[PDB]
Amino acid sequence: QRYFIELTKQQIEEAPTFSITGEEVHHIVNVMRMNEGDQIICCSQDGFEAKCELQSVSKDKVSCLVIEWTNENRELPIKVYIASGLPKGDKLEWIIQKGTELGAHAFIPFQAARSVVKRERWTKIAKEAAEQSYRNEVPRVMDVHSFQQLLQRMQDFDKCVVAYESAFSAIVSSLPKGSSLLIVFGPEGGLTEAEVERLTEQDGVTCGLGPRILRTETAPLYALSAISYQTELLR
């Protein structure tokens, strides 16, 4: 039902209809087997959502007519970046997937001291979650970062919370529309005393996320969900 088009809103407005080429055609035509007259949801590269009607359906080209510009924006009011210490098994895919459903702006995996242990599949997982959750953007998944490299990234964001153990509601409720937030989590083992020390000197502020102990795949989910509650449900 929902597709990310490699055109801008103004490029789609350009002509009377527009066409879909590549990966998506196959999904439209072969996998779903849609016919002319069928309706889909398209989001441009600049975040604009449209209701489209399949005017033409070929084997490599699909033509669409925009029947409505929804004006719907479902993006979190603030940019939240998830930094995760490489978890085991396939927990990173769950973090990326639910994370996108919950509004995360980008993911940054990093080698962590207790990390006991692909990106092309991660990018794919983020795009599909992005499609199924009606995001106006597809979250970017970065390259696995050394612990050091992560430390050098910190300067780019407005704030940084370190999930470790009540600054959290304060910082989140004091961030303005459009600002950036970095949240780093440790792996199954958890961040190290040494590691916290380096994060805290880079302005990272340690915060608890409730009194219950949360798994690595669970912590970021709580965090995104709380930000949503605060910035969208109360505000």
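Residues carry their position along the shown sequence, with the first being 1.
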{"query": "Between neighbours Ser166 and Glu165, residues that the deposited sequence lists but the model omits", "finding": "4 to 9"}
{"query": "Between the two ranges 199 to 207 and 171 to 179, the one averaging a larger CA B factor in the entry", "finding": "199 to 207"}
{"query": "Residue stretch of maximal mean CA temperature factor, 42 to 50 vs 61 to 69", "finding": "61 to 69"}
{"query": "Highest recorded Cα temperature factor - choice among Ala129, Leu102, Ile78, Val116", "finding": "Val116"}
{"query": "Third of the chain's Cα B-factor distribution that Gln155 belongs to, per the entry", "finding": "highest"}
{"query": "Among modelled residues of the same chain, the CA temperature factor third for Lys98", "finding": "lowest"}
{"query": "Position of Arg140 among the chain's modelled residues by C-alpha B-factor, lowest, middle or highest third", "finding": "middle"}
